[PDB]
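Written below as structure tokens is the structure these notes are about.
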Amino acid sequence: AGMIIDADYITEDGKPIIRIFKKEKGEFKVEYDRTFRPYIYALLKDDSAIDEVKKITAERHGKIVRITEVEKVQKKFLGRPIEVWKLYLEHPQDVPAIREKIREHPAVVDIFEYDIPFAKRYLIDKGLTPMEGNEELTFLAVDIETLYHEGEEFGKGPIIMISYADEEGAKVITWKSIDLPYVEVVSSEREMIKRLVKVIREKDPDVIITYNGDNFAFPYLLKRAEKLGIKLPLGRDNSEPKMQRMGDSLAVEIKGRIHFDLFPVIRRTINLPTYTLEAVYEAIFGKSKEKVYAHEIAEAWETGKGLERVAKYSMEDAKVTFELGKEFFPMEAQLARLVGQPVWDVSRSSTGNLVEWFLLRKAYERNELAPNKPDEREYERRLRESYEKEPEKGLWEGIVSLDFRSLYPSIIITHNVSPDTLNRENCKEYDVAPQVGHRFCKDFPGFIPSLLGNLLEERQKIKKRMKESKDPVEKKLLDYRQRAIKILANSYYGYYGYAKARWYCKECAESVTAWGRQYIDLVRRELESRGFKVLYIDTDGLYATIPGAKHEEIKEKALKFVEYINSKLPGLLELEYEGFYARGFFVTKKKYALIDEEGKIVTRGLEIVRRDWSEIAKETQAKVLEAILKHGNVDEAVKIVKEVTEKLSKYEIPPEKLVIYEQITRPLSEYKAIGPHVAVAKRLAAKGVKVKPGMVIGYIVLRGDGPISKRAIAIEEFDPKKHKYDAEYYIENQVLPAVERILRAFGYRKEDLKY
DNA sequence: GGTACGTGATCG
DNA sequence: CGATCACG
Ligand SMILES: [Mg+2]
Ligand SMILES: [Mg+2]
């Protein structure tokens, strides 16, 4: 009766065996199940058809595949009774081999639940929930530093340091002499990698924490381990970490453990212009962290001078990764438990995918047939669908932020907004959405409204248990639990409109918007009669000020205002005071910038802090934002842009500030469109350079005729005497696009930002 | 074990 | 223009 941390399957004598990884009174336990069978459902035109359908065949791994057993079942689909056939298979890999053969059949109307991974199928069907109980897990943070030189192939340079940290402290393994108490000196890169393997096997952590270990630390360790002819038996079954393709990036799993990569977690949880470990640590713990750049690390390693500085940086990377892991894991653990899927998968999911996993489990519990994901055609048509305010211009002072999101679950429940209740035939009583006119049947509670009501009731009970609890330990745990419910409940509104959703419903999303708007118009009116000016309104919230008022007065009146409105609004409809800002400006929907009273700049949909934008554009943008938010001076910002563009015209900007970086993601011959970085890469390959995916190309755009691709040069080939950069390209395609959206909030056009 | 998302630049 | 490509 332990705590489930993960589930997977292995194949033995061609048959699948489910593995359930558990933590039981401090011990690792692995449970095996050989009896759970894979399946799909088929809706037939007539029961007679089953005789032809059950005899459908496929091929996989040299052997033919068959439907093992067929079972007629009664379920609910679209809020209606339905009869479907459960088609059993021997192996989960049989489903993608046979599903289209079954769908093709003239007597098959449709197939269902055919893309549910076997391990997730098991957890749902067996009613098993990960991360339950008070079982205390162990953690280890791991990081690495590599020797890197400009534009090298991924893994060419050796790993030079490996760091790790836990409650026992932060340590470094290196293969050059460094005299520090936390540094372990070994003889080679090979021996350093073997020492990390030995630390992991001996500490036997349940959780391995990394900062972007999915794309950097583990892929690099695996590439270097390959070149060195050594294994990484990091799995509790002695398997090597496994790379999984998630999008165009990677996801790394370590069997029997939780590889907890903070990078996708932090990116979703907090809003920052850059997700450097230093920026993240400072945002969470309000403490500064020093960065040692790759070129400084290379110089120190090659010279053998300044190595103590590099080992201190490596040690801190692990130490802060450990502190951030401990800060962010409790919430990921409660979200896992709430949706009933492992932390590994949940920590790497969007809120929309968390909702879908909660719905899939609840669908099995309620005997409801799950709808299919859209095909390419349907997915694109949803992206195209219409769904039928503009911010105040200028620079505003003393901005109060109000959040609307905790309004929508209540609207979904009271109006029974669900795809299964939308425009029902022979409906006795219905709710009509204002303006849009969509009808939602009142005769039965909809699948989604029913679930949401249970979620909200469960949160109220947790909150009541928190007030009546004298134990600070359970109060902490219950606090993460009610927060996890709030996060899941507030994701449903956005889920109805998510184009990849199974329970997608455009009319549901518009109806919720139409009913929500009546409360938004009430808030807006009540604020305006109180002297407040509304500057920005989104379905998510609003920003307001009291023009010419004192900051404490704006705060006091706003805090009084939320207390008042919440007392007027029925049920669980709730307005939330998000915060206060010293200054701010708004461009369009989700394109704005603010500054708090502590001097921190918070922006949405404006900042370009990425390697594929030149330093000159990023530097000019940061300077424009500082002139506006820190100096309250838009005229200073306009003068900054005019000076920079003139300097580009007169070749007064250093070439190092003009470099663009773009990664090669495939073999060069696989490109359809030859962008500047690929044109530069082809020229390098023609010279004998081993161009491989992962290589990052640095280039400068030169003056000349034609498209930019024909005028781009590799940075290492740029000679300031011979080459002349394209000033027009850096003015019009780099610097002005970086600042034109920001300046538009003050009445300037691209044309107003030059002499 | 199915293999992200939203967004904005550049190619053809 | 529509298609293709990359960032984090
Ligand atoms: Mg897994
Ligand atoms: Mg590091």
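The analysis underlying the following values was restricted to heavy atoms, covering all of them including side chains, and did not include hydrogens, waters or symmetry mates. Numbers restart at 1 for each chain; the letters A, B, ... are given by sequence-line order, proteins then strands.
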On a whole-Å scale, what distance lies between the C1' atoms belonging to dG2(B) and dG8(C)? 22 Å
Closest to the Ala673(A) side chain, choosing from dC7(C), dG12(B), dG2(B): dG12(B)
Using the six-membered ring of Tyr88(A), assess whether NZ or CZ of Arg37(A) lies under 6.0 Å from its centre and within 45 degrees of the ring axis. yes
Measure CG/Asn215(A) against P/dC7(C) and give the value in whole Å, please. 12 Å
At under 4.0 Å, does any side-chain N or O of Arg99(A) touch on OP1 or OP2 of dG2(B)? yes
Below 4.0 Å: OP1/OP2 of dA4(B) and any side-chain N or O of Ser350(A): no
Value in whole Å for how far the P atom of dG8(B) lies from NE2 of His677(A): 20 Å
Specify the separation, in whole Å, of atom CD of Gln734(A) and atom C1' of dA9(B). 10 Å
OP1 or OP2 of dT10(B) versus the side-chain N and O atoms of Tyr729(A): is any pair under 4.0 Å? yes
Please determine whether a side-chain nitrogen or oxygen atom of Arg611(A) lies at a distance below 4.0 Å from atom OP1 or OP2 of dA6(C). no
Just how far, in rounded Å, is P of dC5(C) from OH of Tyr671(A)? 7 Å
Is it the case that the side chain of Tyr275(A) and the backbone of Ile270(A) share a donor-acceptor pair, with hydrogens and angles ignored and the cut-off at 3.5 Å? yes
Within this structure, what is the NZ-to-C1' distance between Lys120(A) and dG1(B), rounded to whole angstrom? 11 Å
Regarding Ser709(A), tell me which of base, sugar-phosphate or nothing describes its non-hydrogen contacts under 4.0 Å with the strands shown. sugar-phosphate
In whole Å, what is the span from the CD1 atom of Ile674(A) to the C1' atom of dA3(C)? 13 Å
Pairwise side-chain contact, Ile258(A) with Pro342(A), heavy-atom cut-off 4.5 Å (strictly under): no
Whole angstrom value for the distance that separates P of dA4(B) from CZ of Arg348(A): 15 Å
Applying ring-ring contact (aromatic ring centres under 6.0 Å, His included) to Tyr492(A) and not counting sequence neighbours gives none
Given side chains that start at C-beta, do those of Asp110(A) and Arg103(A) come closer than 4.5 Å, heavy atoms only? yes
Which nucleotide wins on minimum distance to the side chain of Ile708(A), given the candidates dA6(C), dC11(B), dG1(B)? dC11(B)
Among the nucleotides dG8(C), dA9(B), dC5(C), whichever has the atom closest to the side chain of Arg666(A) is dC5(C)
Picking from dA6(C), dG2(B), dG8(C), which would you name as closest to the side chain of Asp115(A)? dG2(B)
So, does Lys591(A) get its side chain near the phosphate of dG8(B), meaning an N or O under 4.0 Å from OP1 or OP2? yes
Which of these nucleotides, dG8(C), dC11(B), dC7(C), is closest to any side-chain atom of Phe263(A)? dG8(C)
Between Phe36(A) and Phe118(A), is the ring pair (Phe, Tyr, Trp, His ring centres under 6.0 Å) condition met? List the steps. CA-CA 9 Å; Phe36(A) 191 75; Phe118(A) 198 44; 5.7 Å; yes
Side-chain N or O of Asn733(A) closer than 4.0 Å to phosphate OP1/OP2 of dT10(B): yes
What's the CD-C1' distance between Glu253(A) and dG2(B), to the nearest Å? 12 Å
